[PDB]
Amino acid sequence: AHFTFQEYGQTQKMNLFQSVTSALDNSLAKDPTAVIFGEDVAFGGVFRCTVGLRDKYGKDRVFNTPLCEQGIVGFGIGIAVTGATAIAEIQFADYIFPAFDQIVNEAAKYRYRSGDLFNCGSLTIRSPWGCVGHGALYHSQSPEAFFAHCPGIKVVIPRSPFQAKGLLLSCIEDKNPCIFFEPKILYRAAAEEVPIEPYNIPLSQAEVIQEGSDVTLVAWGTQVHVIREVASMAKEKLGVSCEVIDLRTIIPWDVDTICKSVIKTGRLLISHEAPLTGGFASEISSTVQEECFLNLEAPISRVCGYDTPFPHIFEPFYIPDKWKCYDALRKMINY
């Protein structure tokens, strides 16, 4: 494994897929309009995220669609137009593209273009995301930067079971169409205490998970665990204090939390599995440079996937792992 995974009433140990099911169960229990649909969701889903829900809530509320992503998203938009909560699943993020027109031209623009006479705010699209060791070109992708250039949608990526359930519930209840990307490598690997009852984590809010004073490290999804480890390597090997931040919401993103951190540390390294060019690290880096020019002691580093498609046998060489991140951090500290 390229990574290691490390108030609210009663809790239970839950892995990431189970925390998704818990969020969905809580949602359907409290919102009689809510339905869940997509490919193979009825028998519990190819990642078990919907197990037991059809039995509990009924075949009219948890159901399979024909195999057509553009249909899935257009269908969910139309449910949400009536005011009903629509929780669409896209089987892998790699297969979200056929729905790109329905998401970007339709869902994102629905409220603006009608002057708020109509909306699809009660739509949420959930989709497994990110590398998985052997997914190759079409079961590995991280498409969040494509969506980040689209005003009108929200894009949210959790790093753990606890974070996943609170962020998913926020997406489901948020009055804007949301894409919730679930890091599939974590579905079984990451497990921790998760409240049985519903709770919310705010959207557009980054989380500083470790305070530090020498450099700011920013990532999201599984890559948060990579940078947490990098912070530990940097402390031990270099005597460098790293502030580790999970961005959580891609758009609209928490500019203030990131800039506040960089004003303090003077250095920033951003990492993501997606390709470098056009990746969302470029948006963060530009903005920070604009806001923290006087504080920046070194060029902002982006440690990302290469500008290639996501390979099968070469995955261990492709990903921005802890050594690539550490080496980049070392150099930036030396600057």
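Just so we're on the same page, rigid core means the largest C-alpha set that superposes within 1.5 Å between forms. All residue numbers refer to positions in the sequence shown, first residue = 1.
Comparing 186-194 with 129-137 in 9 other deposited structures of this protein, after superposition on the rigid core, the stretch with the greater RMS C-alpha deviation is 186-194. Missing coordinates between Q6 and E7 amount to 4 to 9 residues of the deposited sequence. Averaged over CA atoms, B-factors in the entry run higher in 321-329 than in the other of 19-27 and 321-329. Two stretches are in play, 88-96 and 243-251, and the higher mean C-alpha B-factor belongs to 243-251. Residues shown: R126, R159, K235, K154. Highest C-alpha temperature factor in the entry: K235. Note on the listed residues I209, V104, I179, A80: the highest Cα temperature factor in the record is that of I209. When the modelled residues of the chain are ordered by C-alpha B-factor, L294 sits in the highest third.
In the PDB entry, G38 places in the lowest third of its chain by CA B-factor. When all modelled residues of the chain are sorted by CA temperature factor, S204 is found within the middle third.
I196 sits in the highest third of its chain by CA B factor, as recorded in the PDB entry.
In the PDB entry, a CA B factor belonging to the highest third of its chain's modelled residues is recorded for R302.
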